[PDB]
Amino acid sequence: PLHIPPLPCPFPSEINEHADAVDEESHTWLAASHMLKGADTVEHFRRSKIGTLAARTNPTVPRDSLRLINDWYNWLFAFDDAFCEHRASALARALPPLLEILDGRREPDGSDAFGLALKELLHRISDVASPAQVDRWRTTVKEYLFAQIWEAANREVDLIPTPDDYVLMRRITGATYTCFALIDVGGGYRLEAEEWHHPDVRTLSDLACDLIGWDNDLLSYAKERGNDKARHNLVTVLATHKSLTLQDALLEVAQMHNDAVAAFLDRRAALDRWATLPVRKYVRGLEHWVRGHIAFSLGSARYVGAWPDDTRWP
């Protein structure tokens, strides 16, 4: 029997007071968008309680911010499942129409579910964000879209990516940065250029991004075995490239998690010496995101049901 290692995290575990209402509202939005073809797919999303992830990762934001962020999470889950998760060339050639919409240079066709929804989200983000904040978000979305071609490339040649390549690319394949980009926007504040881009702030963002990607890899491993051999998963990557048992691969992912937490706490102590209020709120945002994501992933029907009944949990 497999033992899932614990994912210790000293960060506060909180949830937005608007979780229940906004989750239902954002799910209804997703259903109305026609981004998902199957009624069964719509129901699987509903059961996953995507709005619980939104509320746990953004526990401080006002209701209208949570709703906007929840709609964005729903777009990403839908897009990730429907577009991304065969042939790198076909998928690369599909991107420019979407990039046109993202740059606001073209009206989507009436039949383009993903384009119509992305246009609406860009407009709604633009209503509550500065041009710098909008571009910050847009840049992260573009990197995410192009990162999906890299996943398609690995599937096309039927290779498990190497640890070095995977850990680098996992930071942008997961879209976590596109959600970090809405922390200040969601809270109604705005980090200045040298606040946002400060090496300490970037380092904490990168470690938070690693933690969320790796934590999802550990907990989503079981359901990913059912889809292209869990190719894009640190458990599969370490098992394959270090010739580990599944149990030892799970433990190595837990080790990398613990080491990233240690690295986060160290850099945070340095940042604490100089950080302004806006930077402190953003870093607390990263902490809520990492901890809220673990709470969500351990409890979501998206991940839990795929684990065999005899799997042990900490």
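Note that residue numbering begins at 1 and tracks the sequence as displayed.
Asks: Unmodelled stretch from the deposited sequence between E85 and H86, which bin: none, 1 to 3, 4 to 9, 10 or more?
Replies: Some 4 to 9 residues are missing between them.
Asks: Going by the B-factors listed in the PDB entry, is the mean over the C-alpha atoms higher for 189-197 or for 109-117?
Replies: Mean C-alpha B-factor is greater for 109-117.
Asks: Between 226-234 and 70-78, which has the higher average C-alpha B-factor in the PDB entry?
Replies: 226-234 has the higher mean C-alpha B-factor.
Asks: If you check the C-alpha B-factor for each of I183, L91, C209, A147 in the entry, which is highest?
Replies: Max CA B-factor in the entry, restricted to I183, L91, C209, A147: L91.
Asks: For the listed residues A254, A54, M35, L286, which one has the largest C-alpha B-factor as given in the deposited model?
Replies: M35 has the highest C-alpha B-factor of those listed.
Asks: Which third, lowest, middle or highest, does the C-alpha temperature factor of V61 belong to within its own chain?
Replies: Tercile = lowest for this residue's CA B-factor.
Asks: Split the chain's modelled residues into thirds by Cα B-factor; is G174 in the lowest, middle or highest one?
Replies: For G174, the deposited C-alpha B-factor lands in the lowest third.
Asks: For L265, does the deposited CA B-factor place it in the lowest, middle or highest third of the chain?
Replies: For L265, whose C-alpha B-factor we compare with every modelled residue in the chain, the answer is the middle third.
Asks: Determine, from the deposited record, the chain-internal third of the Cα B-factor for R155: lowest, middle or highest.
Replies: Middle third.
Asks: By its CA B factor, does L204 count among the lowest, middle or highest third of the modelled residues in the chain?
Replies: It falls in the bottom third of the chain.
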